[PDB]
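Structural features, examined
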Amino acid sequence: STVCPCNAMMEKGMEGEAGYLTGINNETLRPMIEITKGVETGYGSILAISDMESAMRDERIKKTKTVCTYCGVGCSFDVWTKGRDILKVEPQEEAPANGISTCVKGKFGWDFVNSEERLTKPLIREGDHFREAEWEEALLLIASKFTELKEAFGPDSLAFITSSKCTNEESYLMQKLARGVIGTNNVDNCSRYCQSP
Amino acid sequence: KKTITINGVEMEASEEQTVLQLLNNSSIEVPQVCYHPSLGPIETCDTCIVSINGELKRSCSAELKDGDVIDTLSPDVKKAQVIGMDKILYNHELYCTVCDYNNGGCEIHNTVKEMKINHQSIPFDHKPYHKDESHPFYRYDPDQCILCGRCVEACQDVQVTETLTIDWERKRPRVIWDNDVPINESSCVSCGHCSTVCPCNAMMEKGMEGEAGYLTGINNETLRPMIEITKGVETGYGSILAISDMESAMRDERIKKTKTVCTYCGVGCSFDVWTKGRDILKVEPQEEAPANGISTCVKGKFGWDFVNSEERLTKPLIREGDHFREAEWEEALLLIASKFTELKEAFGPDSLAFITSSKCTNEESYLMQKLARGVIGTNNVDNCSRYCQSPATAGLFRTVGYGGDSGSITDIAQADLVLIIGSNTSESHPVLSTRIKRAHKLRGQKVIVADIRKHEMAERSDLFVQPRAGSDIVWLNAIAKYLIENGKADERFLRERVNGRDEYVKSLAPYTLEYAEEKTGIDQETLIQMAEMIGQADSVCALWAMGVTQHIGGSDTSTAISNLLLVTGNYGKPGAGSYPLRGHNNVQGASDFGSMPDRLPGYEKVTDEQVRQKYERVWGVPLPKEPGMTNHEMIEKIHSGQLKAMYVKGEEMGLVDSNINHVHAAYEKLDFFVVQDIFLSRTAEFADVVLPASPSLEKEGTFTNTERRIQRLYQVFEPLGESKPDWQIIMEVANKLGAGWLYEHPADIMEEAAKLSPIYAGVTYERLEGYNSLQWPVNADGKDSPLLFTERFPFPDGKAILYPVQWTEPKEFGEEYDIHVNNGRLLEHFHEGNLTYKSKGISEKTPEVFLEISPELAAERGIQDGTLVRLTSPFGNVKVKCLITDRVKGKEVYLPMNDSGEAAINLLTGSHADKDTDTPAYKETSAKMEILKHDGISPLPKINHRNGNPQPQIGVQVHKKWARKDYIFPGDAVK
Amino acid sequence: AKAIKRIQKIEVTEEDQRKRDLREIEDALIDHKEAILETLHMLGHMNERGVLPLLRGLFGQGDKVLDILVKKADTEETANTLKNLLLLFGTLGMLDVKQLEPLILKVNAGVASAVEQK
Amino acid sequence: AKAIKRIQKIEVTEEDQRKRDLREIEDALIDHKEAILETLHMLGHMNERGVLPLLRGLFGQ
Amino acid sequence: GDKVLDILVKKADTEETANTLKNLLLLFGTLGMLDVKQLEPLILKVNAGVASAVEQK
Ligand SMILES: CCCCCCCCCCCCCCCCCC(=O)OC[C@H](COP(=O)(O)OC[C@H](O)CO)OC(=O)CCCCCCCCCCCCCCC
Ligand SMILES: CCCCCCCCCCCCCCCCCC(=O)OC[C@H](COP(=O)(O)OC[C@H](O)CO)OC(=O)CCCCCCCCCCCCCCC
Ligand SMILES: CC(C)=CCC/C(C)=C/CC/C(C)=C/CC/C(C)=C/CC/C(C)=C/CC/C(C)=C/CC/C(C)=C/CC1=C(C)C(=O)c2ccccc2C1=O
Ligand SMILES: *SC1=C(S)[C@@H]2Nc3c(nc(N)[nH]c3=O)N[C@@H]2O[C@@H]1COP(=O)(O)OP(=O)(O)OC[C@H]1O[C@@H](n2cnc3c(=O)[nH]c(N)nc32)[C@H](O)[C@@H]1O
Ligand SMILES: Nc1nc2c(c(=O)[nH]1)N[C@H]1C(S)=C(S)[C@@H](COP(=O)(O)OP(=O)(O)OC[C@H]3O[C@@H](n4cnc5c(=O)[nH]c(N)nc54)[C@H](O)[C@@H]3O)O[C@H]1N2
Ligand SMILES: CCCCCCCCCCC(=O)O
Ligand SMILES: CCCCCCCCCCC(=O)O
Ligand code: SF4
Ligand code: SF4
Ligand code: SF4
Ligand code: SF4
Ligand code: SF4
Ligand code: SF4
Ligand code: FES
Ligand SMILES: [Mo+4]
Ligand SMILES: [S]
């Protein structure tokens with residue numbers, strides 16, 4: 001899909017969603033294509049119109065670089081989106097770790113971002129359920145509980161784990177909260193299971 | 001079989017008789033303008049020309065003979081079709097862009113687009129006739145009339161009103177009503193067949209006129225010049241046809257087309273209701289409609305102005321002092337809940353009685369009975385069926401075991417003989433009467449109408465005999481005796497699926513033919529010949545409406561009719577059986593879902609341990625062991641103080657129950673009264689709190705019509721104001737009563753009742769989508785039972801039982817109550833008319849109640865037309881106008897229920913009811929004849945449909961058109 | 001209960017009706033949230049591109065624009081040009097083209113034959 | 001902590017959702033403050049020039 | 001919009017398109033210069049002549 005020059009081998013995410021005139025139904029898009037084939041005499045003018053349609057796409061299509069979260073190859077690619085849905089994962093030749101190389105995960109596995117199962121609000125364990133609580137009240141609850149177990153049994157009885165799936169800033173903030181805030185050294189990640197030996 | 005070749009390719013033939021059906025099944029693009037699947041070959045548009053056996057002939061009527069050669073792309077057939085459509089367009093202006101019928105279904109437009117035509121060889125010529133806007137519902141535009149005859153064929157063959165003919169002899173042929181009477185002054189029932197079957201906008205409802213699209217609301221003085229401009233501007237029809245298709249897409253956004261089922265009567269006709277926002281533009285039937293197809297009456301197709309009527313109760317009303325204050329929903333709900341809890345925990349739930357409307361969906365009645373039993377804990381529930389279908393259902397239990405009709409209306413048409421007794425099917429269940437009259441006029445079926453009055457069907461029946469008031473049992477049992485005594489009865493069926501033949505014969509010992517002749521006042525020859533016909537008829541369909549079941553012995557004669565069919569042997573046979581005419585659109589559905597106090601949903605008796613245990617398990621609340629009291633006896637219990645509170649919904653029982661002085665006294669006697677009606681009905685006047693109902697257009701549910709068909713509705717409108725669908729109101733009331741019901745949409749209610757009801761085991765909302773309908777009983781697999789008793793009867797032995805019954809003496813008052821007034825209903829108006837009166841057209845057709853009086857009695861009593869007369873009974877005193885007609889005979893007179901004031905018939909009827917089901921004997925009424933005003937305005941205007949003279953002809957009589965010299969057949973025109 | 005017919009409609013003052021209708025308009029806005037966002041972005045991008053300011057100059061100094069237009073056009077040449085354009089449209093309407101289609105086809109064939117000669 | 005899976009979503013009534021969406025529309029207006037001012041000036045200058053009243057006569061009659 | 005205008009001008013800036021627009025304006029000006037009041041009888045005569053020509057089978 002990445003190496004195809006034309007739209008011959010292209011992701012279904014782009015199909016019917018990239019531009020404005022391409023979401024038209026095929027039963028009513030193909031006759032328009034035949035009309036334009038039989039109408040325009042020189043490719044220059046309709047090519048300019050297609051360049052305008054490319055500029056059209058440029059506004060709605062957001063192309064931002066990112067690095068795949070799944071595995072440690074750290075392949076970097078642009079993620080062509082239209083609002084919130086992910087249309088394409090386009091690698092670039094300038095990508096250091098992969099260039100154009102990509103796997104199924106990093107190039108077609110990003111539907112989890114827009115998944116409805118995603119936790120949009122903080123959840124607090126109320127009785128035997130998870131109540132959708134406000135951000136501020138959840139923050140106050142966690143802070144108060146951590147202060148309680150920090151000033152009762154000491155910070156040494158506090159242990160926090162950062163995700164190896166999160167950015168460097170995230171793990172640095174975990175370890176700073178443990179040491180520069182809580183005062184404990186009990187921190188780890190999946191690397192204890194993965195890269196510690 | 002019957003091998004054929006079409007388009008040069010071999011194909012097989014089916015049961016279809018004409019080539020057009022095969023071409024349609026083969027998806028061959030043959031122009032068919034004048035052909036409608038329900039109408040049949042009309043042969044008046046000649047656009048269906050195909051080469052059969054090489055010769056050009058009309059495929060709409062070309063018989064599918066074996067071995068014929070069919071070609072449709074030949075230049076010859078194409079030229080013939082082009083010439084035919086050019087002749088058609090000579091009569092059609094074809095202003096599709098600014099034409100209301102261009103909602104994309106217009107056959108001229110579709111067919112013209114299909115043929116890819118661009119010019120008309122013969123230019124359009126306006127007919128000298130002007131548009132006939134006399135009718136308040138649909139207009140006729142002879143300028144746009146193409147003379148296809150579909151409207152005439154509908155009015156003559158599939159609706160058999162016979163008000164439409166075509167004057168082929170005239171220089172410019174056109175559709176004429178009666179003898180060219182204006183439409184309103186004619187005998188037009190306003191059924192709507194002509195409007196539905198018209199290909200073009202020639203015969204189209206005034207609701208669509210100027211309101212369908214965006215460019216069609218333009219004034220005619222400024223629309224016609226635009227039409228002429230476009231006529232003189234465009235050179236080819238293709239481009240402006242595409243523009244008109246865009247205008248059809250235009251309409252598609254503003255026009256909402258949702259399927260629904262008519263609320264008025266129990267035929268349960270289903271149709272799309274084309275609306276534009278809140279007003280109703282058209283009622284369009286569809287060929288896929290199970291109960292009616294294209295068939296419709298005036299009510300269901302032009303009676304829906306009550307939905308948008310300003311009288312509609314938009315807010316809950318609370319009885320404050322001596323007025324009705326428009327209160328909030330929440331405060332009214334709290335008030336009703338608190339009062340119901342008070343009278344439930346003070347005098348017990350047994351002193352609580354609630355009534356569901358037979359006009360409401362199945363979910364509504366199920367919610368009523370659940371609120372009564374699963375919430376309140378009482379069993380006092382009923383509906384209009386206590387007055388309507390309680391004795392018929394009781395008779396069905398007593399003999400056949402299953403309530404409702406034996407089959408569908410298609411089985412009614414398929415019958416060889418229809419035995420209608422006490423039924424004004426023409427004016428009560430109009431579409432079923434159209435089916436019967438179609439089978440009589442075309443299929444040759446002979447019908448026997450037995451009722452005191454002479455309605456439209458009686459004058460169009462093979463053998464019409466008028467017995468005495470309630471004397472149906474006598475002559476009926478004599479006929480059964482003759483059939484079972486002379487050997488004409490099906491003895492094989494008697495031994496196979498019937499029980500107690502000899503016991504029934506013993507019960508028939510006192511019954512003789514001369515006995516029935518003396519009792520019914522009918523000569524012996526008619527009885528013996530109709531008995532011979534019944535014995536000879538292969539398939540018998542017996543319909544008995546309120547004329548026979550609404551009597552002191554109504555249940556007895558209902559059992560008598562059912563066992564008469566049983567003796568004849570028509571149950572289980574396709575096309576024959578007992579079809580008690582269910583009155584309300586969902587009276588069958590209400591009775592199905594435990595409306596009657598003695599039975600639960602699923603048509604199961606309350607006094608059964610297994611069903612009570614199952615309902616306890618599903619509901620979580622114990623079921624009342626004591627059966628609830630009947631609706632009629634509720635008033636007597638109130639007068640004894642037993643009952644204190646009523647929750648009657650969508651039923652104006654303060655005006656339709658017998659002896660409405662008695663219900664008025666009970667209403668003034670009871671403490672708390674809550675009613676649920678869309679309009680401020682007469683019952684709604686006497687209520688401690690009025691809940692604003694919602695009409696079936698604004699609510700979604702399932703309607704069970706007479707044919708035991710459960711058809712799902714659709715929410716045509718958001719409910720007016722903030723009023724709620726009755727199921728939502730019942731859910732809120734029960735929740736305020738601590739029920740805990742959670743039904744987001746009525747599909748959950750439907751599936752819960754389906755699980756509970758053994759008969760409704762298979763009905764589900766995904767199985768009722770669109771026009772799909774299931775006929776109860778339905779099993780869990782989803783396979784319904786279109787015909788009842790097809791293989792076995794519901795009884796444990798699997799064989800039905802004849803019920804020994806006799807003639808129960810009618811409670812005629814006797815003495816000074818000489819004139820025996822008869823009560824019924826008109827075709828246009830619905831009961832007191834809480835819905836039809838709100839429609840201006842029906843009001844114009846029939847403004848006020850009238851007393852139809854016999855010409856013979858007009859001499860001895862010296863009575864005339866338009867005279868205010870007084871009728872006095874020990875239970876009421878009415879002042880009604882008078883009408884002179886031959887429909888009634890002798891002293892007996894007809895008083896339709898189409899008034900809700902002092903002229904309502906229900907004053908005269910008394911609190912005498914059937915023994916089995918306590919159904920009031922409305923048909924058993926007697927009074928005086930007092931003459932008040934000699935000269936006055938006739939209640940029936942000249943524009944009423946009864947004043948016209950229909951012209952009975954079979955078909956469009958095309959042969960008259962073919963005899964015209966100017967007419968040329970395109971097939972031989974191309975030659 | 002006795003017979004009572006008159007209806008005491010609730011006294012919805014002007015304030016309550018205004019609040020209800022404003023709530024209805026707000027709900028309609030809610031249904032078309034994305035549409036309203038797109039239209040606001042429309043105005044923003046037009047104003048950034050100068051299209052909206054261009055029209056603001058057009059309709060604020062509109063009297064001056066009309067004055068310039070008429071003072072340049074009022075020359076007899078422009079009036080004659082517009083008059084002759086209207087006359088040309090009228091004459092082309094007067095000319096019958098149904099018979100002119102075969103002439104156009106013949107002209108096509110003739111041009112093809114002429115260009116066929118190398 | 002034991003095993004609990006069900007999620008108790010917060011009860012955002014119609015009023016709260018309406019307020020949130022109206023606040024979103026107000027924020028969108030804020031982002032395009034200058035655009036809204038320009039469009040209001042558009043209407044003002046058109047109405048002063050009679051273009052808007054001309055169309056009002058066009059669509060009223 | 002800046003990109004759209006850039007594409008439009010870069011495609012149009014060819015001498016062919018400028019010549020086409022200039023000659024369209026010149027054609028409008030010349031058709032305005034041509035007097036059509038006298039040309040209506042000529043158009044009617046041309047109509048009659050075309051009718052006569054197509055009349056010859
Ligand atoms: C089917 C499509 C139908 C479309 C149908 C579209 C219908 C709507 C009309 C669009 C054009 C409006 C007029 C635009 C020109 C007049 C205004 C102007 O001159 O404003 C200057 C500005 C310079 O911008 P700068 O940022 O440099 O300057 C910013 C500040 O001036 C300084 O700060 O112009 C622009 O922004 C360009 C606007 C868009 C022009 C589009 C032209 C082609 C349209 C037709 C083809 C579309 C094909 C789409 C599909 C392929
Ligand atoms: C790339 C540009 C695209 C533009 C693209 C522009 C697209 C938008 C259309 C603009 C024109 C609207 C119609 C204007 C005429 C009809 C209304 C009219 O008749 O209203 C009278 C009024 C008289 O005013 P008064 O104040 O005297 O009277 C006030 C009261 O009537 C009494 O109190 O007319 C005006 O105000 C003039 C309005 C602007 C006219 C502009 C004409 C040329 C437009 C094209 C060229 C633009 C080039 C810009 C760039 C050089
Ligand atoms: C310089 C300057 C600023 C000047 C200002 C002043 C000025 C000169 C202004 C211009 C005024 C002009 C010329 C205006 C004309 C353009 C406008 C604005 C038009 C809008 C008005 C309307 C409503 C036009 C009608 C549009 C329309 C689609 C109409 C429907 C056409 C109809 C009635 C069709 C009926 C019809 C017919 C008759 C068929 O035969 C037929 C056959 C087969 C299929 C379909 C049809 C069918 O639909
Ligand atoms: S039930 C019922 C309802 S619900 C609903 N009501 C209704 C209908 N249509 C219209 N247009 N308006 C309405 O208000 N259709 C539905 O009708 C259902 C009952 O209708 P019937 O067919 O029973 O109607 P009527 O009472 O009008 O006609 C009955 C005829 O019975 C004959 N009759 C009277 N006394 C009789 C007697 O003693 N013996 C016999 N054999 N017949 C008797 C009269 O001829 C009446 O016409
Ligand atoms: N003398 C005499 N009296 C009779 C009879 C007779 O033959 N003779 N027939 C008896 C019989 S069979 C019957 S049906 C009764 C007729 O009496 P009911 O069955 O009570 O019928 P109607 O008054 O026609 O309708 C009752 C009310 O239902 C309301 N309604 C309409 N649609 C809906 C809806 O969707 N939901 C709700 N909640 N309400 C709705 C209407 O406003 C109307 O006021 O008359 C009975 N009384
Ligand atoms: C001796 C004179 C020779 C004259 C040839 C003229 C051109 C003939 C061919 C025309 C063509 O097909 O281009
Ligand atoms: C002997 C020469 C005969 C030449 C005929 C030319 C055509 C005459 C008819 C013209 C027409 O009306 O088509
Ligand atoms: S953008 Fe144009 S050239 Fe490229 S693949 Fe698509 S259609 Fe072909
Ligand atoms: S794109 Fe594939 S290989 Fe590259 S980092 Fe993501 S998951 Fe790993
Ligand atoms: S009747 Fe049909 S064909 Fe005739 S104008 Fe209306 S939509 Fe067009
Ligand atoms: S009865 Fe009336 S509505 Fe029905 S087909 Fe005849 S004319 Fe039409
Ligand atoms: S009015 Fe009747 S005959 Fe005339 S076109 Fe319509 S359906 Fe055909
Ligand atoms: S016959 Fe009955 S169900 Fe059918 S449309 Fe008429 S009123 Fe409705
Ligand atoms: S369908 Fe046969 S002539 Fe019309
Ligand atoms: Mo009834
Ligand atoms: S009923």
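Attention here is on the structure that accompanies the text. (Residues numbered from 1 in each chain as written, not as in the entry; some residues may be left out. Chains lettered and ligands numbered in written order. Part of a larger assembly, values for the part shown. Heavy atoms only, no water.)

1. Digging into the site of ligand 5
Residues and elements named next belong to chain B. Neighbouring ligand 5 are 34 residues, the closest being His584, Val656, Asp677, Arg825 and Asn834. At 3.3 Å, a backbone N or O of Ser694 approaches an oxygen atom of ligand 5. Here ligand 5 has 910 Å² of accessible area as a free molecule, and 100% of this is covered by the chains. Of all the secondary-structure elements, those providing two or more residues to the shell around ligand 5 are α11 (385–388) and β26 (672–677). Counted by class, the shell around ligand 5 contains 14 nonpolar, 11 polar and nine charged residues. (Near = heavy atom within 4 Å. Polar contact = N/O pair within 3.5 Å; in protein donor to acceptor, adjacent residues only side chain to side chain. Areas by Shrake-Rupley, 256 points an atom, 1.4 Å probe, with all protein chains shown as cover. Helix = DSSP H or I, 4+ residues; strand = E, 2+ residues; numbered from the N terminus. Nonpolar A, V, L, I, M, F, W, Y, C, P; charged D, E, K, R; others polar.)

2. Focus: the arrangement of the chains
Here six pairs of chains make contact, and the pair sharing the most contacts is chains C and D. Between chain A and chain B there is no contact, and the shortest C-alpha to C-alpha separation is 14 Å. The smallest C-alpha distance separating chain B from chain E is 18 Å, and no contact links them. (Contact = heavy atoms within 4.5 Å.)

3. A short note on the interface of chain E and chain C
Between chain E and chain C, the residue contacts involve 19 residues of the former and 15 residues of the latter. In total, about 1,400 Å² of surface goes out of reach between chain E and chain C, with carbon and sulfur atoms giving 66% of it. Of all residues in chain E, E:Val36, E:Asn47 and E:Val50 give up the largest surface area on contact with chain C, accounting jointly for 30% of the area buried on that side. Taken together, the links from chain E to chain C amount to one salt bridge. The closest approach of N and O atoms between C:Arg49 and E:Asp2, which form a salt bridge, is 3.0 Å. Where chain E meets chain C, there are five residue pairs in polar contact. Listing elements by their share of the side of chain E that touches chain C, those giving two or more residues are α2 (15–33) and α3 (39–55) of chain E. For the side of chain E that touches chain C, the element with the most residues is α3(E), which contributes eight residues. For the side of chain E that touches chain C, the per-class residue count stands at 11 nonpolar, four polar and four charged. (Buried area = accessible area lost by both parts, 1.4 Å probe. Salt bridge = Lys/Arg side-chain N within 4 Å of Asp/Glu carboxyl O.)

4. Description of the site of ligand 1
The full set of residues close to ligand 1 is A:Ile49, A:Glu53, C:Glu48, C:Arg49, C:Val51, C:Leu54, E:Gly1, E:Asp2, E:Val4 and E:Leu5. C:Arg49 has a polar backbone atom sitting 3.1 Å from an oxygen atom of ligand 1. Those elements that provide at least two residues to the shell around ligand 1 are α2 (43–60) of chain A, α2 (33–49) and α3 (51–60) of chain C together with α1 (2–12) of chain E.

5. Looking at the sheet that holds strand β15 (residues 352–355) of chain B
Taking strand neighbours across the sheet as the criterion, the eight strands line up as β16(B)-β15(B)-β25(B)-β26(B)-β27(B)-β13(B)-β14(B)-β1(C) in an open arrangement whose pairing is mixed. In this open sheet, the two edge strands, each paired with only one partner strand, are β16 (380–382) of chain B together with β1 (7–8) of chain C. With four bridges joining them, strand β13 (residues 317–320) of chain B and strand β14 (residues 323–326) of chain B adopt antiparallel strand pairing. Counted as the bridge partner of B:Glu320 is B:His323 from β14(B). (Pairing = 2+ DSSP bridges.)

6. A closer look at the environment of D:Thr13
All names here are of chain D. Relative to the helices and strands, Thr13 is located in the loop between β1 (7–8) and α1 (14–31). Residue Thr13 is classed as partly exposed on the basis of its relative accessible area of 42%. At 2.7 Å, the side chain of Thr13 forms a polar contact with the side chain of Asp16. (Buried < 20%, exposed > 50% of the residue type's maximum accessible area, 1.4 Å probe, protein only.)

7. Looking at the packing of helix α16 (residues 472–485) of chain B against helix α22 (residues 554–568) of chain B
Residue and element names in this part refer to chain B. Interhelical geometry of α16 versus α22 gives an angle of 20 degrees and a closest axis separation of 10 Å. Classified by the angle their axes make, α16 and α22 are roughly parallel. Seen from above, α16 lies across α22 with left-handed handedness. Contacts between α16 and α22 involve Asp472, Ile473, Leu476, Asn477, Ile479, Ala480, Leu483 and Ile484 from the former and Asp556, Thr557, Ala560, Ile561, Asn563, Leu564, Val567 and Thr568 from the latter. Across the contact of α16 with α22, the residue classes break down as 10 nonpolar, four polar and two charged. (Axes fitted to C-alpha atoms, helices over the stretch in contact; angles between N-to-C directions. Parallel < 35°, antiparallel > 145°, perpendicular 65-115°, else oblique. Left-handed = near helix turned anticlockwise from the far one by under 90°.)

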